[PDB]
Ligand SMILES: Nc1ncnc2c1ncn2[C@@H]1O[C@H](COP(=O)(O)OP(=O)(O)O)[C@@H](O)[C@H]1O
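Single chain ahead, by itself, as structure tokens, in the form deposited without adenosine-5'-diphosphate (ADP).
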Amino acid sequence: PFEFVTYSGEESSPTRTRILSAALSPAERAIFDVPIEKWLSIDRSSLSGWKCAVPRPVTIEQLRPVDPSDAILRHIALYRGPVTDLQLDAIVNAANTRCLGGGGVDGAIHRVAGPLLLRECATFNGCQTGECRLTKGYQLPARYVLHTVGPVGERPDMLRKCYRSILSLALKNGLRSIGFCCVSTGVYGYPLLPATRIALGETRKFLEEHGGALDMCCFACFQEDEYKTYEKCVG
């Protein structure tokens, strides 16, 4: 009934051309051609080209909410592991401005999802800082990927704007569960604790104003320092 909103903002190309010129099998081409709106509910195993690349996905049912009693914290969990394990409606990819893969979480999301993720990214012209692109998740257990570009260094309005762009696209398109990674921390140099407070603060904001639209915001903390910082902040 609705066309998805796939970019939160308003609108090198040789590389994009080369990525898009690569041959596809007929089975891969059929996956790539599924309309973005249908991917959420399609039976992915009905497509002969598809498989899930994560042997034991983590489902909503397996996540421990921070506090079941609380109207907000029943919808938040922490996960000790990579965001790519999470079988949710979307996971967040901490991309760069080119939005064509890279190192760290960007690179691992591309490896698990398979080469169609890169190909879909090559159909649009990058992602501005503060904004979010939506793509299918291909071989990930999660249905979609929310590609966001965080700021370099400690720019709080810009980082807030990432979390807003992500949560706003999720609400508009009916994505009810989101797996977050730690945007702008590590090599982009946003200090970990202040970044974490922005992430949790914006998420709380959304959960207060839009209770019946979001079932679960999961914060995947692959590293120990990330996990302990989030753990201390939430309870």
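One-based numbering along the sequence shown.
The next section is about a form of this same protein that is not shown, the form deposited with adenosine-5'-diphosphate (ADP) bound.
From the list 171-179, 39-47, 59-67, 187-195, the contact stretch for adenosine-5'-diphosphate (ADP) in the bound PDB entry under a 4.5 Å heavy atom rule is 187-195. In the bound PDB entry, residue 105 approaches adenosine-5'-diphosphate (ADP) with a heavy atom inside 4.5 Å. Proximity of residue 199 to adenosine-5'-diphosphate (ADP) in the bound PDB entry: non-hydrogen atoms within 4.5 Å are absent; the residue sits far from the partner. When contacts are judged by a 4.5 Å heavy atom cut-off, residue 15 does not count as touching adenosine-5'-diphosphate (ADP) in the bound PDB entry.
Within this chain, residue 94 lines the site of adenosine-5'-diphosphate (ADP) in the bound PDB entry, having a heavy atom no more than 4.5 Å away. Taken together, 28, 119 and 126 are entirely out of contact with adenosine-5'-diphosphate (ADP) in the bound PDB entry: none brings a heavy atom within 4.5 Å.
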